[PDB]
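Asks: Quick one: structure below, then a few questions.
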Amino acid sequence: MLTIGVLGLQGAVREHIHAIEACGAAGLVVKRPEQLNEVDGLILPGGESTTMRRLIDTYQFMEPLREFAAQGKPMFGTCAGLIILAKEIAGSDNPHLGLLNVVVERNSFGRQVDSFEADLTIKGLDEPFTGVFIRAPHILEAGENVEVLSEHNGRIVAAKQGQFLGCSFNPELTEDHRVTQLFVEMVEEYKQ
Amino acid sequence: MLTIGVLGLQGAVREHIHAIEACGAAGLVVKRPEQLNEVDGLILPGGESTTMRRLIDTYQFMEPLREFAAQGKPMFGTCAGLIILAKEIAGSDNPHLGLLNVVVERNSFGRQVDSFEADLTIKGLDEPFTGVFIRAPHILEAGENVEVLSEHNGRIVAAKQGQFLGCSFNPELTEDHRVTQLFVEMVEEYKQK
Amino acid sequence: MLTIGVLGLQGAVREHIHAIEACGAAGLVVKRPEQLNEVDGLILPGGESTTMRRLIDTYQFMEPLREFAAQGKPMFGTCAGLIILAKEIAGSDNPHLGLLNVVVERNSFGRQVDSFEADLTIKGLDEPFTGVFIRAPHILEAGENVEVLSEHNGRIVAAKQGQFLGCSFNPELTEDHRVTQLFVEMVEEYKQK
Amino acid sequence: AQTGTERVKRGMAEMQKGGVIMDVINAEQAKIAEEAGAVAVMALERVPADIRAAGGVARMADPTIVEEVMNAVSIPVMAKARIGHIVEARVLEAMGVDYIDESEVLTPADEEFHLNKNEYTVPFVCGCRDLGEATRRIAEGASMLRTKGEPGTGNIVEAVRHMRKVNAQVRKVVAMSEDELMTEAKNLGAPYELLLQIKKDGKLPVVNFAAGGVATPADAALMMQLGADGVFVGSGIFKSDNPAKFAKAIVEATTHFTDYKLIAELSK
Amino acid sequence: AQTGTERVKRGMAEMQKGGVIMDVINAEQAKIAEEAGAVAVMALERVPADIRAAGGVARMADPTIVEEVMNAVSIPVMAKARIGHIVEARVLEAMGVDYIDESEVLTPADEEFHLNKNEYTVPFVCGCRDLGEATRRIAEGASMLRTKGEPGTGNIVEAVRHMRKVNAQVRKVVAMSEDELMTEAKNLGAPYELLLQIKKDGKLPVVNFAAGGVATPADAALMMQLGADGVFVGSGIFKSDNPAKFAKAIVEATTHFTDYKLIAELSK
Amino acid sequence: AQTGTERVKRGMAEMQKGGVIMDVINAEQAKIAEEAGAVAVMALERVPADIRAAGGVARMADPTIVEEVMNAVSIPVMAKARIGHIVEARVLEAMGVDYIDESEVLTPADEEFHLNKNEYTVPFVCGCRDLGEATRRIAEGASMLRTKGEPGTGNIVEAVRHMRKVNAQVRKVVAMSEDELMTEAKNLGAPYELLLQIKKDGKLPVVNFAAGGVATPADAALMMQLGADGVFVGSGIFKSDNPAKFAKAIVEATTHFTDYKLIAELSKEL
Ligand SMILES: NC(=O)CC[C@H](N)C(=O)O
Ligand SMILES: NC(=O)CC[C@H](N)C(=O)O
Ligand SMILES: NC(=O)CC[C@H](N)C(=O)O
Ligand SMILES: [Cl-]
Ligand SMILES: [Cl-]
Ligand SMILES: [Cl-]
């Protein structure tokens with residue numbers, strides 16, 4: 001029985017839990033760092049990256065999250081989470097966990113009126129995935145250790161680096177659980 | 001998994017389905033003879049034996065039930081069910097299935113006002129089990145092939161004969177599922193041979 | 001026929017009177033010093049030791065109570081009452097009656113949220129007794145003239161010293177009168193003497 | 001051995017589930033009922049709807065009649081007491097009636113207080129229209145319930161109303177937030193602990209039959225489809241051209257309440 | 001060991017009997033109350049009637065004030081939570097407040113549902129005006145009751161009215177015929193089992209204090225004379241010329257509530 | 001790519017869950033909200049309450065102020081339109097506001113007809129007091145709900161009432177017999193298909209925040225405990241002696257709504 005945590009400080013936490021359970025794993029809402037010890041992987045959900053950072057700081061999550069990665073436990077960031085995961089945020093000198101080797105630009109499609117759906121070809125998925133892009137960032141560049149899993153209008157929107165998986169869209173806003181399923185498999189991998 | 005049917009023509013059917021599932025088997029309410037094929041064993045529940053015989057007649061259940069027994073499948077009769085199973089019923093020349101080698105006297109303790117609970121010691125159970133006797137019959141006699149599992153004031157109240165389990169009380173009226181567990185175990189062992 | 005008083009200035013007075021009567025003594029609620037002359041023994045009930053001391057002072061009960069004790073009349077303190085009886089109170093230079101040779105610490109389990117029930121083994125009781133500990137103190141130490149009757153997790157919670165009985169729990173909050181009976185016997189023994 | 005326990009009282013009703021209880025006025029009717037597969041008979045001296053529409057006082061049946069019925073059949077025999085009529089109830093109990101219906105279709109003896117059913121050994125069935133009324137009967141000691149329905153019309157509408165109401169209210173209680181239940185109890189006029197136990201059990205603690213307007217096989221099956229645990233049916237059975245056959249059909253429709261081809265044939 | 005048991009929660013109230021609980025706003029007042037012989041203090045931020053006089057919202061006290069009071073005295077400390085405000089109650093519990101007053105004189109947070117006090121470890125006192133309301137608070141988990149009385153007037157009349165009403169209703173329930181108790185329960189809006197237990201015990205199962213209106217030593221004694229288990233008194237003690245002296249007089253009147261010569265001196 | 005889909009509109013609301021939305025009147029307040037961890041700000045010109053207290057007409061904010069707030073923060077920016085005011089709403093949309101509150105606290109422009117929110121690309125939040133009202137707003141195209149509460153009082157009671165009513169009615173709908181749903185629908189004044197889908201989904205189809213009366217950390221936590229998806233909080237924050245610290249306290253209490261020790265500490269000196 002795999003157990004995958006979802007950082008539950010803020011955002012679309014429940015959508016991720018449902019998706020985890022649809023794939024046959026157990027889901028845990030992580031609100032305290034101590035709870036990271038109870039999970040085999042972690043999803044950083046969509047929401048507001050600024051809110052998450054602030055709550056992460058206040059509750060001293062950053063080091064435990066770094067420890068968590070150091071143990072090789074996989075981490076999956078969707079949009080806000082991708083942002084939390086990124087090495088660098090364009091126009092900011094204050095990045096977050098800094099674990100995924102991508103440069104990210106926040107809010108790069110504009111504002112909510114510009115939020116959109118688009119069908120994506122994703123590496124490891126056969127048939128197209130509907131990406132739901134809610135005040136999404138983009139991935140300006142990705143290091144040579146980063147596997148590109150998806151592009152949209154010539155932009156990287158899904159990437160993988162060892163134990164780290166990141167996408168700029170929110171797969172958990174759909175009932176197509178295949179992107180979560182890719183994370184489940186990375187987590188299985190780690191557990192051996 | 002085990003599927004144990006409960007004959008659902010009339011009576012305390014769900015109490016039995018609840019006990020079956022409590023023991024980790026699946027229950028099937030049986031309303032049609034064809035459903036007997038879908039189960040490894042059958043409980044004949046508490047209720048009115050007259051009502052159930054009437055419905056058994058009309059829906060042509062008697063031979064299918066005999067067939068069911070012929071195939072070796074365990075059968076469990078609680079009170080009305082015991083009456084349906086019994087070889088002979090005192091005062092009647094019209095017995096029912098007739099597979100359990102006992103003679104039963106219906107309504108032996110009187111009427112509902114006489115219905116009672118008593119603690120029983122039952123062969124195969126450790127602590128005592130609370131027997132709830134609702135307008136219960138009494139087993140007047142049991143043959144040589146019948147094992148006595150329980151007695152109350154000298155009366156045979158629970159009996160076992162090969163694939164057949166019979167009792168004069170209604171264990172399914174309690175949250176103590178240990179007698180149903182005994183029957184589950186009979187079904188499991190049938191399911192091996 | 002015995003008469004046991006209960007100091008009636010404040011607290012769970014009725015509870016103690018009920019228990020006295022259940023053991024077959026007569027209970028008298030004591031609100032005036034002169035009433036001490038009318039009883040064979042006295043119970044200092046649970047409540048607020050602060051309140052009881054203030055009222056004891058105001059109605060000049062301290063000397064009467066000391067004379068009562070000087071006469072050999074037995075005295076039983078339960079929680080607040082134990083505090084009134086104690087020779088020393090941790091962190092205070094203003095002790096109360098001071099007749100029982102213990103040092104007591106008030107409010108040592110925390111606050112009401114910490115109040116608890118625990119089964120106690122009490123000397124001279126056969127079966128265990130449910131101690132109901134309401135913002136209870138503990139007995140930090142007891143002198144050599146003091147008999148330890150009970151402890152809870154290695155702390156003294158009941159004690160006897162000749163005519164003095166004291167505990168940190170409130171037995172009068174239960175329907176088990178056996179600790180009250182211990183005290184009744186103490187008074188019956190003084191009433192032969 | 002203990003007699004008269006709650007479990008024994010209620011257990012009798014649990015053993016009645018899925019059957020039909022038929023009103024009868026003599027041994028002949030009782031024998032027909034039993035032969036048709038009735039799980040019990042309700043012994044009546046005369047039909048109370050006829051007495052009260054006459055417009056006389058409807059009382060306990062002559063014990064001679066109750067005894068005739070008891071001697072004619074091997075199934076349980078129920079009988080009616082007037083609401084609050086302690087002695088009629090104690091008499092029925094001393095006669096060995098298997099279940100007493102503390103019945104609103106008899107002329108009530110006490111318009112303010114129902115029987116303290118808790119103090120009896122024999123169990124009681126009472127009528128209700130809603131969950132508040134149901135829980136008040138249960139708290140007084142009823143061991144079985146039935147819909148009040150609408151006696152003496154053959155209109156299924158009130159049976160339907162009452163069964164639906166009770167069931168709906170139970171579903172709501174089971175699903176509702178626990179801290180909202182005191183307000184619900186107060187609104188319903190339900191004893192609180194009973195309603196809280198409903199939420200924990202997921203169900204009423206006693207069985208609940210349909211009664212007071214079942215006229216056809218389809219009506220019987222309908223009540224079962226709406227969640228009744230069984231059906232009381234009236235003297236109408238015996239006014240038909242073939243009582244035996246009518247009684248049979250009602251029993252079969254109650255048992256096989258989803259078999260519409262079967263029920264179609266029975267409806268002729 | 002087990003904490004939070006019914007017997008433990010009520011036990012704490014039993015140990016308060018025959019005493020005076022005083023409203024205090026700071027540690028200086030709290031000390032005077034303890035030294036006067038108070039059995040507990042009720043920590044307040046501001047006087048709630050005044051906040052609402054000024055039309056504002058009266059909420060739980062700043063935990064800073066409650067702490068200052070807790071650290072100033074060795075007697076129990078109570079505090080108030082708005083009706084239905086789950087988190088205010090949980091916060092006070094977390095702070096180790098000894099008794100929570102789910103109080104109508106603060107601005108109700110939930111106008112339809114009171115707290116499910118059964119699920120807490122800390123005990124609660126609630127207000128009531130009659131036995132129906134009393135028994136509903138108890139069923140929700142109240143471990144202690146008080147009169148609502150009439151806050152902010154100094155008019156003893158409503159405390160008198162509520163104490164007398166509850167007490168009269170209890171005497172009638174205790175004396176009445178048991179088979180008439182369901183109708184009584186229904187009329188009162190009382191949970192039936194509680195009412196039956198009241199009849200069997202010959203009393204309310206919880207302590208019942210007087211509150212709202214005690215302004216003089218005669219008033220405090222009066223309330224004890226009418227059957228109160230104790231007295232809550234407000235901030236007016238500290239509006240007096242000699243708060244210490246006034247506080248002591250209330251405590252002494254409450255203790256020696258039939259000593260009229262004494263009460264005469266205390267009333268000067 | 002497709003913009004303006006129901007999923008995209010509602011998706012934005014889903015991404016706000018567990019958070020606090022703060023009313024703000026300028027750029028500086030916006031920045032403070034964002035730094036406290038607010039998930040969005042609601043740009044106001046003046047506080048609606050005391051426009052109407054002063055008897056005046058409360059309208060859409062001066063777009064200048066809205067733009068000011070939008071440029072000050074990187075979190076979503078909401079703004080209010082009067083009920084039924086088609087053009088105010090279309091102007092807010094053209095400005096790029098992220099969510100429009102068709103708000104009963106502004107002076108209604110249409111007292112009989114709400115906006116046909118279905119026809120817009122930008123999503124809308126609307127107030128409700130019960131499930132019928134909630135489902136009428138959804139059917140008109142609302143992508144998010146909030147309790148009406150009781151604006152400008154600091155009394156949490158009406159927010160509690162509304163959240164409890166909506167949540168109780170949903171539980172009943174989910175549990176009730178399907179064949180009784182039409183009578184329920186008619187009683188509630190709910191569109192039937194929406195009620196049927198609530199039963200099937202086991203939930204309301206849009207997020208539902210608490211609003212109008214959250215004055216303390218305990219209030220915020222309480223609304224969450226009663227099932228709110230998040231909290232709107234008003235300008236009171238910025239009347240505090242330490243607005244930054246107050247705003248932080250509401251964010252933490254909303255987030256950690258069962259941490260009673262924390263909330264105790266958060267509740268001090270406010
Ligand atoms: N869908 C989302 O997670 C939105 C992310 C948010 N706009 C940010 O910049 O962090
Ligand atoms: N409990 C029961 O099953 C009762 C049996 C019924 N008295 C009969 O003789 O058929
Ligand atoms: N149970 C009691 O008597 C309480 C005693 C009280 N806490 C005191 O210290 O005086
Ligand atoms: Cl009624
Ligand atoms: Cl009330
Ligand atoms: Cl409307």
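If you're wondering about the labels, chains in the structure tokens are A, B, ... by order shown, residues count from 1 in each chain, ligands from 1 in order shown.
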Please identify every residue of chain A that has at least one atom no more than 9 Å from any atom of chain F, counting only C-alpha atoms, and report them as a ChimeraX atom specification.
Replies: /A:8-13,15,31,45-55,58,106-107,110-119,132-135,170,173-174
Asks: Keeping C-alpha atoms for every residue in the selection just given, could you write it to a file as a PDB file, in the first residue's frame?
Replies:
ATOM      1  CA  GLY A   8      -2.618  20.665   2.620  1.00  0.00           C
ATOM      2  CA  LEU A   9      -1.664  24.227   3.570  1.00  0.00           C
ATOM      3  CA  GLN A  10      -3.761  25.649   0.713  1.00  0.00           C
ATOM      4  CA  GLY A  11      -5.318  24.909  -2.669  1.00  0.00           C
ATOM      5  CA  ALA A  12      -6.995  22.090  -4.605  1.00  0.00           C
ATOM      6  CA  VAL A  13      -5.900  19.481  -2.098  1.00  0.00           C
ATOM      7  CA  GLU A  15      -8.841  16.933  -6.029  1.00  0.00           C
ATOM      8  CA  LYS A  31      -0.535  19.920   7.342  1.00  0.00           C
ATOM      9  CA  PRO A  45      -1.042  21.149  -5.260  1.00  0.00           C
ATOM     10  CA  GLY A  46      -2.411  24.037  -7.269  1.00  0.00           C
ATOM     11  CA  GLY A  47      -3.397  27.167  -5.382  1.00  0.00           C
ATOM     12  CA  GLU A  48      -1.385  30.308  -4.634  1.00  0.00           C
ATOM     13  CA  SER A  49       2.374  29.807  -4.457  1.00  0.00           C
ATOM     14  CA  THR A  50       2.730  32.940  -2.413  1.00  0.00           C
ATOM     15  CA  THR A  51       0.275  31.654   0.206  1.00  0.00           C
ATOM     16  CA  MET A  52       1.986  28.297   0.266  1.00  0.00           C
ATOM     17  CA  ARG A  53       5.438  29.835   0.650  1.00  0.00           C
ATOM     18  CA  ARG A  54       4.254  31.996   3.522  1.00  0.00           C
ATOM     19  CA  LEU A  55       2.640  29.047   5.336  1.00  0.00           C
ATOM     20  CA  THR A  58       5.703  30.041   9.228  1.00  0.00           C
ATOM     21  CA  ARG A 106       4.521  33.128 -13.042  1.00  0.00           C
ATOM     22  CA  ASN A 107       1.187  34.188 -14.509  1.00  0.00           C
ATOM     23  CA  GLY A 110      -2.200  36.898 -18.333  1.00  0.00           C
ATOM     24  CA  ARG A 111      -5.017  36.686 -15.798  1.00  0.00           C
ATOM     25  CA  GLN A 112      -8.089  34.514 -15.142  1.00  0.00           C
ATOM     26  CA  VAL A 113      -9.926  35.649 -18.272  1.00  0.00           C
ATOM     27  CA  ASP A 114      -7.056  34.039 -20.236  1.00  0.00           C
ATOM     28  CA  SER A 115      -7.143  30.720 -18.360  1.00  0.00           C
ATOM     29  CA  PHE A 116      -7.786  27.948 -20.844  1.00  0.00           C
ATOM     30  CA  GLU A 117      -8.038  24.267 -21.703  1.00  0.00           C
ATOM     31  CA  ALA A 118      -5.922  22.613 -24.379  1.00  0.00           C
ATOM     32  CA  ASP A 119      -5.264  19.050 -25.451  1.00  0.00           C
ATOM     33  CA  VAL A 132      -6.576  22.970 -17.698  1.00  0.00           C
ATOM     34  CA  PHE A 133      -4.376  26.008 -17.290  1.00  0.00           C
ATOM     35  CA  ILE A 134      -5.559  28.226 -14.445  1.00  0.00           C
ATOM     36  CA  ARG A 135      -3.450  31.404 -14.184  1.00  0.00           C
ATOM     37  CA  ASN A 170      -3.805  21.093 -13.222  1.00  0.00           C
ATOM     38  CA  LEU A 173      -9.179  19.318 -12.253  1.00  0.00           C
ATOM     39  CA  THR A 174     -10.118  16.528 -14.698  1.00  0.00           C
TER      40      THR A 174
END
Asks: Taking the DSSP assignment computed from this structure's backbone, write out as number ranges by chain all residues of region 19-193 of chain C that belong to alpha helix (DSSP H).
Replies: C: 19-22, 49-58, 62-70, 80-85, 178-190
Asks: Go ahead and dump the residues you just picked, N, CA and C atoms, as a tab-separated table (two decimals), in the first residue's frame.
Replies:
chain	number	residue	atom	x	y	z
C	19	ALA	N	-23.67	9.51	52.37
C	19	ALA	CA	-22.77	8.39	52.59
C	19	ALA	C	-22.74	7.98	54.06
C	20	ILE	N	-22.67	8.97	54.95
C	20	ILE	CA	-22.77	8.72	56.39
C	20	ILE	C	-24.03	7.90	56.71
C	21	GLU	N	-25.17	8.41	56.25
C	21	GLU	CA	-26.47	7.74	56.42
C	21	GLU	C	-26.53	6.36	55.79
C	22	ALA	N	-25.85	6.17	54.66
C	22	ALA	CA	-25.85	4.87	53.98
C	22	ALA	C	-25.08	3.81	54.79
C	49	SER	N	-10.67	24.94	49.41
C	49	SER	CA	-9.96	25.12	50.69
C	49	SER	C	-9.81	26.61	51.02
C	50	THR	N	-9.53	27.41	49.99
C	50	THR	CA	-9.53	28.85	50.11
C	50	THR	C	-10.81	29.37	50.79
C	51	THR	N	-11.96	28.97	50.25
C	51	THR	CA	-13.25	29.43	50.75
C	51	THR	C	-13.48	28.96	52.17
C	52	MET	N	-13.22	27.68	52.41
C	52	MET	CA	-13.44	27.11	53.71
C	52	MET	C	-12.57	27.78	54.78
C	53	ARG	N	-11.31	28.05	54.45
C	53	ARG	CA	-10.43	28.73	55.42
C	53	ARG	C	-10.95	30.14	55.76
C	54	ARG	N	-11.34	30.88	54.73
C	54	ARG	CA	-11.89	32.24	54.91
C	54	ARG	C	-13.10	32.21	55.83
C	55	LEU	N	-13.97	31.23	55.60
C	55	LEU	CA	-15.19	31.11	56.41
C	55	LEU	C	-14.86	30.57	57.80
C	56	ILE	N	-13.90	29.65	57.87
C	56	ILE	CA	-13.43	29.14	59.15
C	56	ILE	C	-12.92	30.30	60.01
C	57	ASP	N	-12.12	31.18	59.40
C	57	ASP	CA	-11.57	32.35	60.10
C	57	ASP	C	-12.64	33.28	60.58
C	58	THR	N	-13.62	33.54	59.72
C	58	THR	CA	-14.63	34.55	59.99
C	58	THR	C	-15.52	34.12	61.14
C	62	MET	N	-11.47	27.81	63.95
C	62	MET	CA	-10.16	27.17	64.09
C	62	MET	C	-9.88	26.59	65.47
C	63	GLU	N	-10.12	27.39	66.52
C	63	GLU	CA	-9.95	26.92	67.91
C	63	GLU	C	-10.91	25.79	68.26
C	64	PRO	N	-12.22	26.01	68.05
C	64	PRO	CA	-13.18	24.92	68.19
C	64	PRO	C	-12.74	23.63	67.51
C	65	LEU	N	-12.24	23.73	66.28
C	65	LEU	CA	-11.83	22.55	65.55
C	65	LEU	C	-10.61	21.92	66.22
C	66	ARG	N	-9.68	22.75	66.70
C	66	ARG	CA	-8.51	22.22	67.38
C	66	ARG	C	-8.90	21.52	68.69
C	67	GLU	N	-9.77	22.15	69.47
C	67	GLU	CA	-10.32	21.54	70.70
C	67	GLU	C	-11.05	20.23	70.40
C	68	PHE	N	-11.85	20.22	69.33
C	68	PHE	CA	-12.53	19.01	68.84
C	68	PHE	C	-11.52	17.88	68.67
C	69	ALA	N	-10.43	18.18	67.96
C	69	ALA	CA	-9.35	17.24	67.72
C	69	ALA	C	-8.66	16.84	69.02
C	70	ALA	N	-8.30	17.84	69.83
C	70	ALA	CA	-7.76	17.60	71.17
C	70	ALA	C	-8.62	16.63	72.02
C	80	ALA	N	-10.20	19.24	49.25
C	80	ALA	CA	-10.21	20.47	50.03
C	80	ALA	C	-9.99	20.17	51.54
C	81	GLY	N	-10.70	19.17	52.08
C	81	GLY	CA	-10.62	18.85	53.49
C	81	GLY	C	-9.26	18.33	53.90
C	82	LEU	N	-8.64	17.56	53.03
C	82	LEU	CA	-7.28	17.11	53.24
C	82	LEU	C	-6.36	18.34	53.35
C	83	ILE	N	-6.55	19.30	52.44
C	83	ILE	CA	-5.80	20.56	52.49
C	83	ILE	C	-6.01	21.32	53.82
C	84	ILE	N	-7.22	21.30	54.36
C	84	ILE	CA	-7.50	22.00	55.61
C	84	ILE	C	-6.81	21.30	56.78
C	85	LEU	N	-6.68	19.99	56.66
C	85	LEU	CA	-6.11	19.13	57.71
C	85	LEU	C	-4.57	19.11	57.74
C	178	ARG	N	-17.47	2.55	50.96
C	178	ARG	CA	-16.48	1.84	51.75
C	178	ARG	C	-15.44	2.72	52.41
C	179	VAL	N	-15.08	3.85	51.82
C	179	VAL	CA	-14.10	4.73	52.50
C	179	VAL	C	-14.79	5.45	53.67
C	180	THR	N	-16.01	5.92	53.43
C	180	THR	CA	-16.84	6.48	54.51
C	180	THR	C	-16.99	5.46	55.65
C	181	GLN	N	-17.21	4.19	55.30
C	181	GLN	CA	-17.31	3.14	56.31
C	181	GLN	C	-16.02	3.04	57.15
C	182	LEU	N	-14.86	3.06	56.50
C	182	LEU	CA	-13.59	3.15	57.21
C	182	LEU	C	-13.63	4.26	58.23
C	183	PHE	N	-14.10	5.44	57.84
C	183	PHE	CA	-14.18	6.55	58.79
C	183	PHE	C	-15.22	6.30	59.89
C	184	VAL	N	-16.37	5.71	59.53
C	184	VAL	CA	-17.39	5.41	60.53
C	184	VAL	C	-16.82	4.49	61.62
C	185	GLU	N	-16.08	3.47	61.18
C	185	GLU	CA	-15.43	2.55	62.11
C	185	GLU	C	-14.44	3.28	63.02
C	186	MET	N	-13.68	4.21	62.46
C	186	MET	CA	-12.78	5.04	63.27
C	186	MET	C	-13.54	5.77	64.38
C	187	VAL	N	-14.74	6.25	64.07
C	187	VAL	CA	-15.55	7.01	65.03
C	187	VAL	C	-16.18	6.09	66.05
C	188	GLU	N	-16.51	4.88	65.62
C	188	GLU	CA	-17.10	3.86	66.49
C	188	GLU	C	-16.07	3.41	67.52
C	189	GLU	N	-14.82	3.38	67.07
C	189	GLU	CA	-13.68	3.02	67.91
C	189	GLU	C	-13.36	4.10	68.94
C	190	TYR	N	-13.49	5.36	68.55
C	190	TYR	CA	-13.37	6.47	69.49
C	190	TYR	C	-14.56	6.46	70.45
Asks: Taking only C-alpha atoms into account, name the residue in D:169, D:64, D:155, D:187 that is nearest to chain E.
Replies: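 Answer, going by the shortest atom-to-atom distance: D:187.
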Asks: Separation of CA of residue 181 (chain D) and CA of residue 165 (chain D), in Å?
Replies: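 Separating CA of residue 181 (chain D) from CA of residue 165 (chain D) is a distance of 17.6 Å.
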Asks: Wanna dump the chain F-ligand 6 contacts at 8 Å for me, each residue with its shortest atom pair and the distance in Å to one decimal, counting only C-alpha atoms and all ligand atoms, ordered by chain and number, as CSV?
Replies:
residue,atom,partner,partner_atom_place_in_ligand_line,distance
F:132,CA,ligand 6,1 (Cl),7.6
F:133,CA,ligand 6,1 (Cl),5.0
F:136,CA,ligand 6,1 (Cl),6.4
F:137,CA,ligand 6,1 (Cl),7.6
Asks: Please produce a file of those selected residues containing N, CA, C and O atoms, as a PDB file, in the first residue's frame.
Replies:
ATOM      1  N   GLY F 132     -31.734  26.676  -2.343  1.00  0.00           N
ATOM      2  CA  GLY F 132     -32.551  27.123  -3.486  1.00  0.00           C
ATOM      3  C   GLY F 132     -31.877  28.314  -4.126  1.00  0.00           C
ATOM      4  O   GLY F 132     -31.619  28.327  -5.336  1.00  0.00           O
ATOM      5  N   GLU F 133     -31.540  29.290  -3.298  1.00  0.00           N
ATOM      6  CA  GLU F 133     -30.884  30.494  -3.779  1.00  0.00           C
ATOM      7  C   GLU F 133     -29.528  30.154  -4.408  1.00  0.00           C
ATOM      8  O   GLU F 133     -29.220  30.642  -5.487  1.00  0.00           O
ATOM      9  N   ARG F 136     -30.123  28.653  -7.831  1.00  0.00           N
ATOM     10  CA  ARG F 136     -30.554  29.664  -8.838  1.00  0.00           C
ATOM     11  C   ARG F 136     -29.361  30.464  -9.349  1.00  0.00           C
ATOM     12  O   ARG F 136     -29.224  30.676 -10.550  1.00  0.00           O
ATOM     13  N   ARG F 137     -28.490  30.898  -8.446  1.00  0.00           N
ATOM     14  CA  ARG F 137     -27.252  31.575  -8.856  1.00  0.00           C
ATOM     15  C   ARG F 137     -26.318  30.716  -9.767  1.00  0.00           C
ATOM     16  O   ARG F 137     -25.832  31.191 -10.800  1.00  0.00           O
TER      17      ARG F 137
END
Asks: Measure the distance from CA of residue 72 (chain E) to CA of residue 246 (chain E) in Å and round it to one decimal.
Replies: 20.2 Å
Asks: Counting only C-alpha atoms and all ligand atoms, which residues in chain E sit no more than 9 Å from ligand 5? For each one, give the nearest pair of atoms and the distance in Å, sorted by chain then residue number, as JSON lines.
Replies:
{"residue": "E:114", "atom": "CA", "partner": "ligand 5", "partner_atom_place_in_ligand_line": "1 (Cl)", "distance": 8.6}
{"residue": "E:128", "atom": "CA", "partner": "ligand 5", "partner_atom_place_in_ligand_line": "1 (Cl)", "distance": 8.1}
{"residue": "E:132", "atom": "CA", "partner": "ligand 5", "partner_atom_place_in_ligand_line": "1 (Cl)", "distance": 7.5}
{"residue": "E:133", "atom": "CA", "partner": "ligand 5", "partner_atom_place_in_ligand_line": "1 (Cl)", "distance": 4.8}
{"residue": "E:134", "atom": "CA", "partner": "ligand 5", "partner_atom_place_in_ligand_line": "1 (Cl)", "distance": 8.1}
{"residue": "E:136", "atom": "CA", "partner": "ligand 5", "partner_atom_place_in_ligand_line": "1 (Cl)", "distance": 6.4}
{"residue": "E:137", "atom": "CA", "partner": "ligand 5", "partner_atom_place_in_ligand_line": "1 (Cl)", "distance": 7.5}
{"residue": "E:189", "atom": "CA", "partner": "ligand 5", "partner_atom_place_in_ligand_line": "1 (Cl)", "distance": 8.4}
Asks: As a ChimeraX atom specification, could you give me every residue of chain E near chain C (at most 6 Å apart, counting only C-alpha atoms)?
Replies: /E:1-3,14-18,37,39,98,122
Asks: Export, as a PDB file, in the first residue's frame, the selected residues with C-alpha atoms.
Replies:
ATOM      1  CA  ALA E   1      -6.983   6.916  34.471  1.00  0.00           C
ATOM      2  CA  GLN E   2      -9.770   8.563  32.499  1.00  0.00           C
ATOM      3  CA  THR E   3     -10.434  12.257  32.073  1.00  0.00           C
ATOM      4  CA  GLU E  14     -20.785  19.495  42.881  1.00  0.00           C
ATOM      5  CA  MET E  15     -17.617  20.827  44.560  1.00  0.00           C
ATOM      6  CA  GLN E  16     -18.754  24.403  43.810  1.00  0.00           C
ATOM      7  CA  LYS E  17     -21.961  24.065  45.822  1.00  0.00           C
ATOM      8  CA  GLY E  18     -22.839  26.570  48.506  1.00  0.00           C
ATOM      9  CA  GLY E  37     -13.926  33.479  49.696  1.00  0.00           C
ATOM     10  CA  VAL E  39     -15.306  29.481  44.879  1.00  0.00           C
ATOM     11  CA  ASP E  98     -12.012  25.081  34.317  1.00  0.00           C
ATOM     12  CA  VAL E 122     -13.966  20.610  29.768  1.00  0.00           C
TER      13      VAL E 122
END
Asks: Output the contact residues of chain F with respect to chain D at a cut-off of 8 Å, based on only C-alpha atoms, as a compact mmCIF listing (two decimals) with C-alpha atoms, in the first residue's frame.
Replies:
# COMPACT_ATOMS: atom_id res chain seq x y z
CA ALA F 168 -27.81 20.70 5.93
CA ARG F 171 -26.94 16.47 3.14
CA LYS F 172 -30.69 15.92 3.02
CA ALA F 175 -29.58 11.14 1.33
CA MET F 176 -33.17 11.43 0.16
CA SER F 177 -35.11 9.21 -2.13
